[PDB]
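> below is the structure, and that's it, no one-letter string:
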RNA sequence: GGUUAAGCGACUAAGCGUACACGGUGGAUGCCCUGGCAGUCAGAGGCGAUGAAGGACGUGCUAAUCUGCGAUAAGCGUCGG
RNA sequence: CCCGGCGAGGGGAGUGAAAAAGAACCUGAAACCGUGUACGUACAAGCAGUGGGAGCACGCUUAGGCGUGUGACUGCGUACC
RNA sequence: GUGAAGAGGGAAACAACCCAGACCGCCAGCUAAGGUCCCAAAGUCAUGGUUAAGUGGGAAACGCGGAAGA
RNA sequence: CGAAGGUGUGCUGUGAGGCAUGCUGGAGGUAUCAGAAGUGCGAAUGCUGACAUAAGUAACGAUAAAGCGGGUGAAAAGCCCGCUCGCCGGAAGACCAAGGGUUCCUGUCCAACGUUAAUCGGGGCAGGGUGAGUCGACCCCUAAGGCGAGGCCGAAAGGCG
RNA sequence: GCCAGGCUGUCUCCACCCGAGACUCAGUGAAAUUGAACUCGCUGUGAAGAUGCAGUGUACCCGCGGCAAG
């Protein structure tokens, strides 16, 4: 079967997170975990936590064979944007959008 | 009374966009560009409705001329021979015969030369 | 010096194509501790070249 | 252009760099090991190893110069008394640097730099 | 079948475009009203120095708000449903 | 109950007609952002469409050269108010 | 007369030049102006000549020189 | 036994259009004939809500300057302790007037803020803290000035005193 | 406003060095402006400065540091 784990409203930008997410697409669990551990990115650690949660869900809810898992479908999208006001010269203001990333990882031994 | 035009606007936008498939992004997904794109494509199709006839006629003429030159006669001479012999084979038929039947076009050129001489 | 037309999403993608990172894919397993670490780097429990580092 | 030039900038003033090197060398001598950025440890080597080289020989002038450098008394006392005899039989290579990954705050390279022996 | 030589020749997509399935902020469209606008029939057409309209501060078993009330303070006394 | 940091967040079980109703909570559009599928694209120039057009994958036909997805090549084409 | 309010074909594009007033459709024929060496569809067709200069493919006044467009 | 709404497919008409149905929808829609529009949007430097654009570029807010070992913490360079270097030092020291009104301390925590990480903070929640005959206000007198019964003037308000 | 003496990189003529940006990495993260772009050079035309028209030549696709001639 397929086990899905997601992180919603993450404190990172979807564009930046995809840069590290694309690496662990179509790769085995052990190599993906090693790459995420040795990759120095906030998005890297976020996706590491997401994949760890996915693996734990597979081990608990589903039957067995942790080793034979794989990253079948990993995708990250943009979510709610927090609007903030930043002063500038001449008394003007700029609207800055702090972005959040919804990350989803689906694994399946089959 | 008050009337809300949201449904009508949505239906018209969908109708316009349905004909804008495969227009390289903005011209397919943007309603404003798609509408103008649809009109321009329709104008091009209207012009091509006759451009197709022109191109097919020219291609048939070229194929008939090629076959006539292979057989040893000019296209104009062959057409004149057919007309004076009262042969009214259409150019499309002549090209198709020249393509799928060599002996048929050999007979055509023989008859045209006989009529000319 | 300002843009005259909107850059396309295709242009955005082709410009960001070079922003992809690379995987180390060079994990080295220590002979003594038997754990993986980066090349020329210590392990989690301060091991390197079969030597017990302070590991603190 | 760095054409045959030595000494990484490590952006700072000249006096700031001198004070940084002196303080870090003193701390390294005191603790027998420190954890710092790899370029920082590499720049440390050049200024710290000569300290032990000079400490190899014990004399009033050498002790005064070793005090003038690093401006400390405990470091001088430890020198000529502990590291001196320890490295008397070794020429060069008093300090070794071992990389230990990156830093969470910075992601810059970091390494442990320490004496080869360290007296366990 | 092996060699030499000449001609032809797809299979690669770092990324991009097109069409389909699934998704993310999005709250538009549809449905509903303890909400407003406009008229009809009636009372009232004024409140108050025996202290008006409007406010500050307090009042629960209550830390904050709305509402009622004012040291008798989310109530009190008499008479009815 | 499990991963997660004692968290946020998520995956199971259960209530629930529905959790594709989980408090960011009826229906959930368009512009924008990705994944998987099929085609084209690293020697080719211009309102990026149109007619022809093979080729490339699937279903139908109980073969029938049919439709869908793309358009290598090619004639024409200097947006709208 | 055209455009303004007329599409289409020919001259390179071009509106004031030539033919020709688009109801729609057919992988039909003919023709007007313009062309028949290819690009790009058609005569490398004939008959009697002119040109030696690429004149054609830049222009008048004298006996090809005047005759020059960034 | 499945209506509006949203999204595809097929059929149909010369047209704006109409009918059948898969999918989410679980409660309304409305034939034919007639009447009124806040009756049909692609532009008016149009307004409101959301989103790409330049772009993951500038920038991260005086060149006084941080570093080392340990404690807490999953994460330590910005929290705490100890050591070293530097800056102001008629200031970047201390208290008051005006102003601000609990930002002051403790316990706890990362939902949002610090142009970054945060366990920290002038951030969220709960508790504590302000003790006056000698401080100042308050109170008595008072310049500039204001109010100003009687009074003068002015259509009324209202000006002067 | 002009002249006399020293003075100096204003200059002949610009060269090196010390710091902050400029360049890479880690984290946060805007604006001006934006009809649609598969956005080359030359000749002719063209509402009169042609990336887009007719003729011709060149050019594998896409990033990064600068010049601004448009």
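Looks like it came in fine. Residues are numbered from 1 along each chain as shown, chains lettered A, B, ... in the order given.

> now the strands for chain D?
For chain D, the strands defined by DSSP state E cover D:33-37, D:95-102, D:109-115.

> turn those strands into JSON lines, including distance to residue B:4 and mean neighbour count.
(Each C-beta comes from the backbone N, C-alpha and C, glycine too.) Formatted as JSON lines, the strands of chain D follow (distance: least, C-beta to C-beta, whole Å; neighbours: other C-beta atoms under 10 Å in any protein chain shown):
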{"stretch": "strand D:33-37", "distance to residue B:4": "66", "mean neighbour count": "17"}
{"stretch": "strand D:95-102", "distance to residue B:4": "59", "mean neighbour count": "18"}
{"stretch": "strand D:109-115", "distance to residue B:4": "64", "mean neighbour count": "19"}
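
> among those, which comes closest to RNA strand H?
strand D:33-37 (3.8 Å; C-beta to the nearest atom of the strand).

> parallel or antiparallel, list what pairs with that closest one.
strand D:109-115 (antiparallel) (DSSP bridges).

> any residue of the partner strand up close to RNA strand I?
No. Residues of strand D:109-115 contacting RNA strand I under C-beta under 7 Å from any atom of the strand: none, with a closest distance of 9.5 Å.

> let me have the strands of chain D in JSON lines, adding distance to RNA strand G as columns.
Compiled in JSON lines, those are given as follows (distance: least, C-beta to the nearest atom of the strand, whole Å):
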{"stretch": "strand D:33-37", "distance to RNA strand G": "62"}
{"stretch": "strand D:95-102", "distance to RNA strand G": "62"}
{"stretch": "strand D:109-115", "distance to RNA strand G": "61"}
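
> and those strands: which comes nearest RNA strand E?
Closest approach to RNA strand E among those (C-beta to the nearest atom of the strand): strand D:95-102, 24.2 Å.

> enumerate every residue touching residue B:42.
Going by C-beta atoms under 8 Å, 6 or more residues apart in numbering or on different chains, residue B:42 touches no other residue.

> do stretch B:106-114 and RNA strand G meet at all?
No. Stretch B:106-114 stays clear of RNA strand G (C-beta under 7 Å from any atom of the strand), getting no nearer than 12.4 Å.

> hmm, who's touching that stretch?
Contacts for stretch B:106-114 (C-beta under 8 Å, 6+ apart): B:67-68, B:71-73, B:77-78, B:81-82, B:85, B:87, B:89, B:94, B:97-98.

> buried set for it?
B:108, B:109, B:112 (16 or more other C-beta atoms under 10 Å in any protein chain shown).

> let me know the secondary structure of the residue most central in space within chain B.
The centre of chain B sits closest to residue B:52, judged by C-alpha atoms, centre = their mean, with a distance of 2.2 Å. Assigned state for residue B:52: helix (three-state reduction, DSSP: H, G, I helix; E, B strand; the rest coil).

> all helices of chain D, in order?
D:14-31, D:38-55, D:60-68, D:74-78, D:83-87 (DSSP state H).

> out of these, which gets nearest to residue A:67?
Residue A:67 sits nearest to helix D:38-55 of all these, at 36.3 Å, using C-beta to C-beta.

> okay then, goodbye and thanks.
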